[PDB]
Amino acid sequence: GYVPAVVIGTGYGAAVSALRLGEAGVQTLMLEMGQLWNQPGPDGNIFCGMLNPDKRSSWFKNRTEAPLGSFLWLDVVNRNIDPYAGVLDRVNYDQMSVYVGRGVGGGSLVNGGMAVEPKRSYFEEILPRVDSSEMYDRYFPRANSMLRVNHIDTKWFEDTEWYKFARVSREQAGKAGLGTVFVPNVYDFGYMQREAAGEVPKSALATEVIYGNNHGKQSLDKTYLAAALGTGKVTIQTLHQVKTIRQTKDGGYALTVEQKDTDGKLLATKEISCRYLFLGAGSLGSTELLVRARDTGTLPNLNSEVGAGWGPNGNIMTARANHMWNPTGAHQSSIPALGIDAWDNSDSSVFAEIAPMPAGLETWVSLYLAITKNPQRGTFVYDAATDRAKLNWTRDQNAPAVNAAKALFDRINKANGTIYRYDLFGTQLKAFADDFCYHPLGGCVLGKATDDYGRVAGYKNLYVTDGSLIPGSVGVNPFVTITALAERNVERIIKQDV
């Protein structure tokens, strides 16, 4: 049927949008292709941990996979599984694998919780048409509060075995003249202290994050989406995937929406129409919907920028082998707390999170997820034969990102007399993982495919809200930027359009 506003997806852009729509009195339906994650499973927990993956770990795969960096220790726990509506989706393109969350809350279910504001001078570089004072004065603070960002206690951090891995890389980096920074998070650090004291059920301290956290992590279902539901004007329908979007003859938008069960069986195909349509399906999902709509003729006035301008936030993973006298610990909190900030907006910039590893025994490995400044961009290109967007990104397009990450970590290795690991990513000697992405950005870039508030060019009352808006790079973990931009956008759209 008809509903005034429809929001596609339930990640950061979607959740912000729906809350503010509901507070404005606009009856809003959110359509989420994944599950509402609230049913205890066979182990009594909602989510599987990284040491006990099962079908809940994976969106329609037939075998579990080790977390990137940890195959050498965690392939032993991998098992065949039934394809199921699990929480983490590795989306494979030709030369890039993009990891995304599937469920009510999107990537907030599976992410590391790291809540980082971009450097203002970099924000101003990447989005020169956006008023940066309103962002820093109003919208970043608003996002920080609503997301429930918090800060680790420094004495606890210094003392606990669960962060030895972070302290080891801090000391090594310091020998190279390189500084670290604490990383704010939406995981409750007070709860985490109580986990270490044996006072509450463990989650971060029980090798959970990338398939969800059973405790501690304030994902969007607890924050923005709970508040949106609280308005009395928002509902969420799950296992509902939007397939097509058209402008109806009488105005507004009509959607074809497939309802499936958790085995992927098609239960129904529904038509849902609306006055206001907000896309929050992610960099991948929103862009795919719009490239499909353009190239199959259902939104024929979409512009040529739809699909363009994608980048992986310069994501590169690498690892160093510590000296035997610098063990990183068998017990590593699954939530990172420290990063190395070597980001000065130049082409050598690196912001790298000191990543835990889940093996649970001493490996001497330090793992890092680097964020770099690489101008290369890909394009999503509709394939009408398979009805899919294809991302045309080739691995050599990540050479600038690898080069920047390598130059930084070479400094650390030189200062400490250490070498890289070469065996963490596959059998072939490869120190830098250069064909994954946790932070997809772009495809429907703000001011290119849309106006400066995410209004899709060529259409009225059609909005994009999410990581597809960002021009390929933000220099930090992206969800705070997505959230703050979405706060800015929906406030203006409600005032001017609704």
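Only the largest set of C-alpha atoms that superpose within 1.5 Å between the two forms is called the rigid core. So that there is no doubt, residue numbering starts at 1 and follows the sequence shown.
Once the structures in 6 other deposited structures of this protein are superposed via the core, the pair 248-256 and 330-338 is resolved in favour of 248-256 as the more displaced stretch (C-alpha RMS). Between 261-269 and 221-229, the higher mean Cα B-factor belongs to 261-269. Looking at 110-118 and 343-351 together, the entry lists the larger mean B-factor for 343-351, computed on C-alpha atoms. The entry assigns its greatest Cα B factor, within the set 296, 386, 334, 248, to 248. Residues shown: 318, 315, 203, 154. Highest C-alpha temperature factor in the entry: 154.
Ranked by Cα temperature factor within the chain, residue 67 sits in the highest third according to the deposited record. Residue 33: CA B factor in the lowest third of modelled residues in this chain (values from the PDB entry).
When the modelled residues of the chain are ordered by their C-alpha B factor, residue 253 lands in the middle third. When the modelled residues of the chain are ordered by their C-alpha B factor, residue 476 lands in the lowest third. When the modelled residues of the chain are ordered by their C-alpha B factor, residue 466 lands in the lowest third.
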